[PDB]
């Protein structure tokens, strides 16, 4: 049965510049996300690793997923991870690999460049509705982080 990759690319915009945005939303995600969205996470636990590349994290929602860290680039503001266990995975979708890149905008903020790679087996049936519902949920989480950082200008400086 046919192996393939379905790639979906999207961009979000922030008034926050890449260094502060990467420090708060990516590097302190385990602490910042439950502070801003308490109803979103029940408990996030490290299975293996020290917090860098190769770390295995279990995540429970207020639903259970297992992520593996693939890449962290503290200078170029690039973060990579993989969904290696969850309800989204099946015989059709064997894995989901993500990449987030923070680029500086003309305004002085960020362009958040997100890539989703669905690793597929056999016939490919991917619904626009499901992809778009996940985009809206990601967009909302990013806007809560943005709000919190604008309200707390000394934090993650």
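Residue numbers count along the first chain shown, from 1.
J.: Quick check on the record: how many residues from the deposited sequence are absent from the model between residue 62 and residue 63 (none, 1 to 3, 4 to 9, 10 or more)?
T.: Gap between residue 62 and residue 63: 4 to 9 unmodelled residues.
J.: If you average the CA temperature factors over each stretch, which comes out higher, 44 to 52 or 114 to 122?
T.: Of 114 to 122 and 44 to 52, the stretch with the higher C-alpha B-factor average is 44 to 52.
J.: Averaging only over Cα atoms, indicate whether 93 to 101 or 126 to 134 has the higher B-factor in the PDB entry.
T.: Between 93 to 101 and 126 to 134, it is 126 to 134.
J.: Report the third (lowest, middle or highest) to which the CA temperature factor of residue 1 belongs, ranking only the modelled residues of the same chain.
T.: As the PDB entry reports it, the C-alpha B-factor of residue 1 lands in the middle third of its chain.
J.: Grab the CA temperature factor for residue 68 from the record and place it in the lowest, middle or highest third of its chain.
T.: CA B-factor rank for residue 68: lowest third.
J.: Place residue 140 in the lowest, middle or highest third of its chain's C-alpha B-factors, as listed in the PDB entry.
T.: Top third by C-alpha B-factor.
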